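Report on the structure given below.
FYI the Cβ positions are ideal-geometry reconstructions off the backbone, even for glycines, and counts take in every protein chain you see. Each answer follows from the model by the rule given with it, or from the source it names; none is laboratory data.
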Amino acid sequence: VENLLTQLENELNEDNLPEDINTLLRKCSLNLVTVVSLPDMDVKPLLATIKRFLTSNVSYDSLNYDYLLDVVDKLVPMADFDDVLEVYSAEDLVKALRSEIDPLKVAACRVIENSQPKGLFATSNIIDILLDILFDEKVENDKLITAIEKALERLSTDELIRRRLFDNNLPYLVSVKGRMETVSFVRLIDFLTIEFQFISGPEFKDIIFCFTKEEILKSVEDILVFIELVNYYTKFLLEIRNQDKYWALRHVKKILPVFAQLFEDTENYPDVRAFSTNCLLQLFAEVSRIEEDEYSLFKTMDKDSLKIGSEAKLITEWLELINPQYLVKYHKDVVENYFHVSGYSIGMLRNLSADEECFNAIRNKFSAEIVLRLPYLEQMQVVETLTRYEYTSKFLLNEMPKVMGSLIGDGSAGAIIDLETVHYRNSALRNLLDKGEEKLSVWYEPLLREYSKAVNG
């Protein structure tokens with residue numbers, strides 16, 4: 001099929017355009033995907049033929065260029081790059097990127113994206129030009145912006161590509177960072193987020209990855225930029241925490257209290273609380289979990305600015321988001337009094353129960369009676385949460401056997417069609433079973449039985 005479709009396509013493209021040309025292109029695309037590997041053919045003529053149409057002095061009304069590019073998009077990664085290179089040389093690509101033809105530029109991006117070796121173009125100005133286009137606010141083609149970003153993420157696993165980006169183009173990158181112009185700025189933030197995944201300690205440059213107190217204060221002038229910056233930093237901390245790049249913390253942590261100061265200062269920066277409250281909350285959640293010594297930094301941001309507990313409307317959010325160890329050590333009074341069990345407080349329960357000391361602060365709010373008054377879906381959400389930890393499991397088993405009996409149920413569980421009820425019940429059962437028969441005493445056999453019924457039907 002494939003060798004055949006592509007052959008037919010190279011033929012058609014080289015007559016005067018047949019009426020089914022776009023139907024053939026669509027079919028080529030679907031087949032290229034489903035099948036994954038190409039046969040033993042020469043893709044050069046077709047690649048060269050398509051290049052002629054893209055670079056062509058002439059535009060064809062009878063041709064769907066989106067469909068044409070999609071064939072290129074699927075076909076290039078499947079071909080041997082040495083063959084693609086023969087049709088699109090480093091020099092052809094430069095020309096294509098400096099052209100006035102967006103579809104041609106997108107094709108060039110696809111080629112560059114699939115470079116082999118990835119460092120192949122690192123010694124030309126191709127990367128420089130891609131950045132020139134990427135941070136041009138006048139460039140409005142969304143397909144091209146995404147094509148560039150896709151090529152850059154693909155190649156940036158390579159160290160030589162990263163050098164070309166952050167060495168050869170550092171001054172330009174810093175100048176883009178300085179404009180804080182909405183369009184180019186969001187692109188720059190997305191670019192940095194992607195690049196930080198690949199950056200090593202020795203490669204890391206503060207001047208481009210980090211913002212000073214002054215830059216942050218300036219970003220508030222336009223709340224969209226500020227919000228983009230908050231989200232940048234939340235993802236930044238998340239990536240650090242996910243990929244264990246703790247070396248990066250010393251570079252970023254010093255400006256974190258500026259976000260908390262802006263959050264507090266409602267009269268001098270009303271836009272911050274009006275439009276940026278939820279993303280700042282997500283940032284502070286990450287800050288409460290950074291690798292630092294005993295909340296040194298976070299405790300001060302809380303004492304000076306966040307003032308967890310002082311604003312009643314935010315208490316549920318704080319107790320849903322902030323490190324529970326921090327919460328019980330500095331706001332035990334709030335934890336002990338604010339929290340009560342209900343469907344509504346499941347978010348808090350999930351967070352507060354993830355530290356043993358913090359869970360002990362809410363434990364007296366639990367009784368079999370309160371839990372058994374919840375509909376079964378919310379019971380299972382509560383029970384599932386309690387099965388996640390040793391200390392909460394032990395509480396469930398020794399103090400709430402009637403809740404355990406509800407988990408085991410009246411024999412109608414197989415009948416349940418509610419997605420989440422089944423998800424949480426099964427997770428609870430499995431979690432408890434993972435503790436092993438000796439910790440489960442008399443619950444072991446019923447749990448094994450209900451689990452088997454659940455998974456085997």
* With the condition kept exactly as written, say whether any residue in segment 112-119 is touching a residue at least 40 places away in the same chain (Cβ under 8 Å), outside any loop (DSSP other than H, G, I, E, B) and crowded, with 21+ Cβ neighbours inside 10 Å. => yes
* Asked: Would it be correct to say that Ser427 is under 31 Å from the mean Cα position of the chain (by Cα) and in a helix (DSSP H, G or I)?
  -> yes
* Hey, does segment 353-371 have a residue that's surrounded by fewer than 17 Cβ atoms within 10 Å (Cβ to Cβ), aliphatic (A, V, I, L, M) and farther than 16 Å from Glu320 by Cβ? -> yes
* Asked: Within segment 303-318, restricting attention to residues that are crowded, with 17+ Cβ neighbours inside 10 Å and of a type outside the set (D, E, K, R), which residue is farthest from the chain's Cα centre (by Cα)?
  -> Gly309
* **Test result for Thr277, within 27 Å of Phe196 (Cα to Cα) and of a type in the set (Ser, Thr, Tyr)** => yes
* Go through the residues of segment 95-110 one by one and say whether even a single one is out of contact with any helix residue (DSSP H, G or I) (no Cβ under 8 Å at 6 or more places or on another chain) and either not polar (S, T, N, Q) or not assigned by CATH to the domain that holds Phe81 (or both). => yes
* Structure fact -> Within segment 30-48, residues of a type in the set (S, T, N, Q) and either crowded, with 17+ Cβ neighbours inside 10 Å or in a loop (DSSP other than H, G, I, E, B) (or both) come out as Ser37
* Just wondering, is there one or more residues in segment 380-401 that are surrounded by fewer than 18 Cβ atoms within 10 Å (Cβ to Cβ), among the polar types (S, T, N, Q) and touching a residue at least 12 places away in the same chain (Cβ under 8 Å)? -> no
* Search result, residues across segment 175-196 that are of a type outside the set (S, T, N, Q) and under 21 Å from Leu155 (Cα atoms) -> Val186, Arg187, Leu188, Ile189, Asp190, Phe191, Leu192, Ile194, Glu195, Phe196
* To do: Return yes when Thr234 is among the β-branched types (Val, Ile, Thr), farther than 30 Å from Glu100 by Cβ, touching a residue at least 24 places away in the same chain (Cβ under 8 Å) and surrounded by fewer than 19 Cβ atoms within 10 Å (Cβ to Cβ) and no when it is not.
  => no
* Asked: Of all residues in segment 147-181, which are free of Cβ contacts under 8 Å to residues at least 40 places away in the same chain and within 17 Å of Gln197 (Cα to Cα)?
  -> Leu165
* Structure fact -> All-but-one check, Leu8 against (1) within 17 Å of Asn64 (Cβ to Cβ); (2) loosely packed, with under 13 Cβ neighbours inside 10 Å, failing number (2)
* **Pairs, first within 18 Å of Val176 (Cα to Cα) in segment 123-146, second surrounded by 15 or more Cβ atoms within 10 Å (Cβ to Cβ) and of a type in the set (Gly, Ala, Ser), C-beta under 9 Å, six or more apart** => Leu130/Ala151; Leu134/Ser184; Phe135/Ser184; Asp136/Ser184; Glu137/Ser184
* Asked: Which of the residues belonging to segment 331-347 are touching a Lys or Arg at 6+ places or on another chain (Cβ under 7 Å) and either in contact (Cβ under 8 Å) with a residue 40 or more places away in the chain or crowded, with 19+ Cβ neighbours inside 10 Å (or both)?
  -> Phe339, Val341
* Yes or no: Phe185 surrounded by 15 or more Cβ atoms within 10 Å (Cβ to Cβ), among the hydrophobic types (A, V, I, L, M, F, W, C) and closer than 26 Å to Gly119 by Cα? -> no
* What are the residues in segment 257-302 that are more than 15 Å from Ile322 (Cα to Cα) and buried (at least 22 other Cβ atoms within 10 Å of the Cβ), if any? -> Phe259, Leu262, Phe263, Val272, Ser276
* Could you list all residues from segment 138-151 that are closer than 23 Å to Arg164 by Cβ and either touching a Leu at 6+ places or on another chain (Cβ under 6 Å) or not hydroxyl-bearing (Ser, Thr, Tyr) (or both)? => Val139, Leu144, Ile145, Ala147, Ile148, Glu149, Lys150, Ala151
* Extreme residue, nearest to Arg154 (Cα to Cα), among residues of segment 197-250 that are acidic (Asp, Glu) and under 19 Å from the mean Cα position of the chain (by Cα) -> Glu239
* Collect the residues in segment 286-333 that are more than 20 Å from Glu264 (Cα to Cα) and assigned to a helix (DSSP H, G or I), keeping them in residue-number order. => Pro324, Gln325, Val328, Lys329, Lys332, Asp333
* Asked: Pick from segment 141-164 the residues that are assigned to a helix (DSSP H, G or I) and among the acidic types (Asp, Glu): which of them is nearest to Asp70 (Cα to Cα)?
  -> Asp142
* To do: Working only within segment 1-53, note down all residues that are within 29 Å of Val94 (Cβ to Cβ) and under 34 Å from the mean Cα position of the chain (by Cα).
  => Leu25, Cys28, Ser29, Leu32, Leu38
* Out of (1) within 14 Å of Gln381 (Cβ to Cβ); (2) outside any helix (DSSP H, G or I), what's the single condition that is false for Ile417? -> (1)
